[PDB]
Amino acid sequence: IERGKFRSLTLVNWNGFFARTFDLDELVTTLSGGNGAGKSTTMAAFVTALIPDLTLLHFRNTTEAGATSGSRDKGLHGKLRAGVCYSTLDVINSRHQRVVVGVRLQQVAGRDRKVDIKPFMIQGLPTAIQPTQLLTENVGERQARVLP
Amino acid sequence: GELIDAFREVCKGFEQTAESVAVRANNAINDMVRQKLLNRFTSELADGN
Amino acid sequence: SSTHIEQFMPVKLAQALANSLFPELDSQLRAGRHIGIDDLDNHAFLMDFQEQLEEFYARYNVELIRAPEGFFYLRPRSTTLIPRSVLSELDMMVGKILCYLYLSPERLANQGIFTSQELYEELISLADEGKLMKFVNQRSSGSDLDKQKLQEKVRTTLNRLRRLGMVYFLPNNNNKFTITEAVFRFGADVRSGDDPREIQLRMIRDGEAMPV
Amino acid sequence: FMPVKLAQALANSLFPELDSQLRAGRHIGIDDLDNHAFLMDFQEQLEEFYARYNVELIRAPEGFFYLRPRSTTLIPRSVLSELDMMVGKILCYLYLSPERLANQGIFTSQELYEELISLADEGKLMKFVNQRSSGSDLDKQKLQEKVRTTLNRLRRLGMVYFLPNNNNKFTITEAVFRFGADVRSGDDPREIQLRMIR
Amino acid sequence: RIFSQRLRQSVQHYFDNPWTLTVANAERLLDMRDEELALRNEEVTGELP
Amino acid sequence: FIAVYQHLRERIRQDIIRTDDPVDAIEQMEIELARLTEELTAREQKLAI
Ligand SMILES: Nc1ncnc2c1ncn2[C@@H]1O[C@H](COP(=O)(O)OP(=O)(O)OP(=O)(O)O)[C@@H](O)[C@H]1O
Ligand SMILES: [Mg+2]
């Protein structure tokens, strides 16, 4: 039997990323770059997309690992920009079925730094469609817009 | 229920407001019973009617 | 030695407070719920650490009490840290009737399952129907609308007693329910064959009951 | 077993009282010297203690402590009235700069009454009293009454401290910020507070 | 034949000395009324990589 | 002594034990004890199988 695999990860309107798509590897994928480049942010987006349970999600620093802190802020809100945001995964099923899972993220206006999540799923999408293009509208001269 | 319907007709005949007619009818029925004009039979067999 | 639980707290009390059952129970108890023999988990827990709980709650100026029938409950003092409230007279009428129903061997064959209609029928059989109707409405004179209103008030108060833990509805049918021994507190004014006035005085002195 | 410092904390004589208060929803500010110091000292363990109830112990950035229930809260929940929030937002606005020179931290019921009346829309006012009400004396009287009522509620929350005499004059605590708006880089507090009020 | 008389007479004559029991009635946890959720909408745009 | 008796009289559990005489109540209680012991014996025998 052929085991399923994760094909790619897509980020839209995150802190520092407007619309970026990482193509995963069959065995190992590595992220490199100086401090503050955005590696841990990519990890967080993936996990978020995986388990949208807002109760659970808590992104501590790598230092202070293992300390149950109850911090005032879970650390997700700041990784998002104003407006609408997305995080999606493309998966090839053992059945050789292409399925697109993801979440719609959006900041909540108000003093409390809260976040809203709406999961979604897509089945049967043609192999020629890329999520980056599916989630954006081409407005103006190569100045695309994101769509709700 | 039949007594309440009869009271509604009287109230219509007096051109009165349709508000609280069920209450007004109960008050009137209780007043007639209290004035010994009507005898009321409450049987367990009649499911409380 | 220093940094040792015994310096600040008895081991058994800390062991109790660390149990997974405590928060539930605490929450409930504070809300006024009575605990009987049927909810094993809770009851057993209570039994195991009785004195520690009593000592604990004492800090609040509240007594954790154990009735002879085996049910636990909270009785606040005058200086209580936790508010205290009183039941309505309709709640008492339904309470004393539920008590007589529990005792009745004539209905023991039901295996504890009673219907709201049976409760209502027993209540009207004993109390003054037309005079009791005064609490529903000042003009009540036996009209069916007023009789249905009385039945609905009963249904409501019964639902409140359920929350106090005095009665449990069936899992799928809400028109039927089962009694528990906690109802015997409504008989606190007559369990001893003595002068009613003196009993009442004793009860108000103990903080069990208030007049109206 | 149980952590030693947690046992120490809840063994303290101040705990029962503070527990009682907290469960009620009271906010602990810097004014309550002993309670605030106690929370500062034992926060790391009290947070864990209250997490067992599915309730969150939060320290606001301004400095005051309070509890926030989850959906799964073990403590019975209760919710504020629209009028309540209205008033609260009002008080947040009154925590202004000219306040210092205007009242030296001590307000009166009439200040809030008149501010409420002046700043709010008529419609919502009506909604607060009864939709059938219309600019009547009695309505105003009832509104006054409600104001007093809600104010008392708030005092229970610890938002507002009445000066110890029968008259209705009070001072506003920092914890009123909980009502306040979101702050963005360079934004003027007066403007944003008014924007939400509108 | 001990409690029949003992309890029935109490219910029959309750109103001559009405009395009420005491219960613990701890306060409910006051919470903010949830306002209608207001998200941030900004129609963001940008150059595509 | 009177006080003691008075004290005790309230503490009776349910109707079958309503002998207003404490001392008399003792034996009834003990009877219950024996009853319960037999029921426990039968139940633990059932549990084994
Ligand atoms: N919640 C947040 N609010 C504001 N800025 C944030 C937040 N989380 C991360 N940042 C900033 O985003 C940038 C990316 O941080 P991130 O941890 O993803 O980088 P990195 O390349 O993984 O770094 P490092 O390897 O040092 O952990 C950094 O400037 C960080 O300061
Ligand atoms: Mg990082």
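Heads up, the Cβs are rebuilt from the backbone with ideal geometry, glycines too, and the neighbour counts pull from every protein chain shown. Numbers and lists here come from the model and the stated rules, or from a named source; no laboratory read-out is quoted.
Numbers for the structure displayed
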quantity	calculated
Check on F:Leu8, more than 10 Å from every other protein chain (Cβ to nearest Cβ) and either of a type in the set (A, V, I, L, M, F, W, C) or over 22 Å from C:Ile37 (Cβ atoms) (or both)	no
Of residues in the stretch D:136-146 being more than 17 Å from D:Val79 (Cα to Cα) and touching a helix residue (DSSP H, G or I) at 6+ places or on another chain (Cβ under 8 Å), the one surrounded by the most Cβ atoms within 10 Å (Cβ to Cβ)	D:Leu143
Filter pass, F:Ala48 being exposed (fewer than 10 other Cβ atoms within 10 Å of the Cβ), more than 11 Å from the chain's Cα centre (by Cα) and under 27 Å from C:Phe186 (Cβ atoms)	no
Residues satisfying the stated conditions in the stretch A:68-84, i.e. over 30 Å from D:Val55 (Cβ atoms) and either crowded, with 20+ Cβ neighbours inside 10 Å or more than 11 Å from ligand 1 (Cβ to nearest atom) (or both)	A:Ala82, A:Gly83, A:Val84
In the stretch A:34-62, the residues that are closer than 29 Å to D:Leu67 by Cβ and either within 16 Å of ligand 1 (Cβ to nearest atom) or surrounded by 14 or more Cβ atoms within 10 Å (Cβ to Cβ) (or both)	A:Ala44, A:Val47, A:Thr48, A:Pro52, A:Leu54, A:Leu57, A:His58, A:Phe59, A:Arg60, A:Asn61
Residue in the stretch D:157-190 that is surrounded by the most Cβ atoms within 10 Å (Cβ to Cβ), counting only those that are over 15 Å from D:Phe64 (Cα atoms) and of a type in the set (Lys, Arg)	D:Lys169
Any hit, the stretch D:49-58, residues being closer than 27 Å to D:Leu151 by Cα and basic (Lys, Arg)	no
From the options D:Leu57, D:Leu94, residue that is in contact with a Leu (Cβ under 8 Å, 6 or more places away or on another chain) and outside the structural domain of D:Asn166 (by CATH)	D:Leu57
Any hit, the stretch C:7-30, residues being more than 20 Å from F:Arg13 (Cβ to Cβ), surrounded by 18 or more Cβ atoms within 10 Å (Cβ to Cβ), within 14 Å of chain E (Cβ to nearest Cβ) and in contact with a strand residue (DSSP E or B) (Cβ under 7 Å, 6 or more places away or on another chain)	yes
Residues of the stretch A:10-51 satisfying the condition of being outside any loop (DSSP other than H, G, I, E, B), more than 16 Å from ligand 2 (Cβ to nearest atom) and aliphatic (A, V, I, L, M)	A:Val12, A:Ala19, A:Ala49, A:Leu50
Top-ranked residue of the stretch A:10-33 - restricted to ones that are within 14 Å of ligand 1 (Cβ to nearest atom) and aliphatic (A, V, I, L, M), ranked as nearest to the other protein chains (Cβ to nearest Cβ)	A:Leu11
Test result for E:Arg40, without any contact (Cβ under 8 Å) to a residue 24 or more places away in the chain, surrounded by 15 or more Cβ atoms within 10 Å (Cβ to Cβ), within 14 Å of chain D (Cβ to nearest Cβ) and over 29 Å from the mean Cα position of the chain (by Cα)	yes
Enumeration of residues in the stretch C:150-187 that are in contact with a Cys (Cβ under 8 Å, 6 or more places away or on another chain) and of a type in the set (S, T, N, Q)	none
Residue in the stretch D:117-125 that is within 14 Å of chain E (Cβ to nearest Cβ), surrounded by fewer than 14 Cβ atoms within 10 Å (Cβ to Cβ) and over 14 Å from the mean Cα position of the chain (by Cα) present	yes
Residues that are in contact (Cβ under 8 Å) with a residue 12 or more places away in the chain and within 16 Å of ligand 2 (Cβ to nearest atom), drawn from the stretch A:52-73	A:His58, A:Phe59, A:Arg60, A:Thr62
Residues satisfying the stated conditions in the stretch D:99-132, i.e. within 23 Å of D:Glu174 (Cβ to Cβ), in a loop (DSSP other than H, G, I, E, B) and without any contact (Cβ under 8 Å) to a residue 60 or more places away in the chain	D:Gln104
Residue in chain B that is farthest from the other protein chains (Cβ to nearest Cβ), counting only those that are basic (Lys, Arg) and assigned to a loop (DSSP other than H, G, I, E, B)	B:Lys36
In the stretch C:64-90, the residues that are over 30 Å from C:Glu51 (Cβ atoms) and facing chain E (nearest Cβ under 8 Å)	C:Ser88, C:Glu89
